[PDB]
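Architecture at a glance
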Amino acid sequence: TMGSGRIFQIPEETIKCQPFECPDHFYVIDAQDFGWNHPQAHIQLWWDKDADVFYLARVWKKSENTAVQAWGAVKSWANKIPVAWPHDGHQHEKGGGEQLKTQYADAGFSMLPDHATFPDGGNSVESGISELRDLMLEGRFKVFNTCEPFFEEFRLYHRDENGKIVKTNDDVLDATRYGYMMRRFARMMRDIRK
Ligand SMILES: [Mg+2]
Ligand SMILES: [Mg+2]
């Protein structure tokens, strides 16, 4: 049921924090996981580069919404923030990552030019999960207590009987991971418009 075990064996309360207003010197980045039948997710991550601490500050998750509807639901916080997004092509062909990113850009999101990668061009999920777990354990990854869809997924994220990530209920998790991977594109809060 939880396979060979949960991926993040960390008490939720250790990574949960009270919401606060973003300081001018924090960096801000958004991320998107695409989805129609599956939920899509749009998240916002704050990065204190001085303390090197990450805050998952905003989360929106919803099935069967268009890009126009997503923008209407999150534009209050998503406006002008660069957006990381997945998909180097293949999902039984047709318009995957790049065509969907266009629909989202047209809807008003500041979509980043390229799909989410680490600095070296890689996109390993395993690598992202390891780095995120380290941050959690070191007290350097926090989630606002108002971002409940993160915790819902966090609780269920597990590996199958052979040790592979079971890729379900992981839209907010994926988005969070994309924002983290692309953190070099995060913009300083005071330079946004402030
Ligand atoms: Mg789909
Ligand atoms: Mg998904």
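Definitions and limits used
- Sequence-order numbering is used: residues on each chain count from 1 as written, possibly diverging from the entry numbering, and only residues with coordinates are shown.
- Each chain takes a letter, starting from A, and each ligand takes a number, starting from 1, following the order in which they are written.
- The side-chain numbers reported here are obtained from all heavy atoms of the structure, hydrogens and water having been left aside.
- Throughout this description, buried means an accessible area under 20% of the type-specific maximum (1.4 Å probe, protein chains only), exposed means over 50%, and partly exposed covers the range between.
- To qualify as a helix, a DSSP run of H or I must reach at least 4 residues; to qualify as a strand, a run of E must reach at least 2; elements of each kind are numbered from the N terminus.
- Summarising the geometry, the arc corresponds to the directions from the helix axis toward the C-beta atoms.
- Throughout, a residue-residue contact means that at least one pair of heavy atoms, one from each residue, lies within 4.5 Å.

For the protein, the name recorded in the PDB entry is Large terminase protein, with Enterobacteria phage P22 as its organism.

**Some words on helix α3 (residues 97-107)**
Among the residues of α3, those classed as buried are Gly97, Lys101, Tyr104 and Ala107. End-on, the buried residues of α3 take up no more than an arc of 115°, which puts them together on one face. Close packing links the buried residues of α3 with β3 (27-33), β4 (40-48), α2 (67-78) and β7 (110-111). Where α3 ends, the next residue or the one after it, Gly108, has phi of about 125°, a positive value.

**Looking at unusual backbone geometry**
The backbone of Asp52 shows a phi angle near 60°, a positive value even though the residue is not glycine. Tracing the backbone shows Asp52 in the loop between β4 and β5 (53-62). Overall, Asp52 belongs to the partly exposed group, its relative accessible area being 30%. Here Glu64, not a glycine, exhibits a phi torsion of approximately 55°, which is positive.

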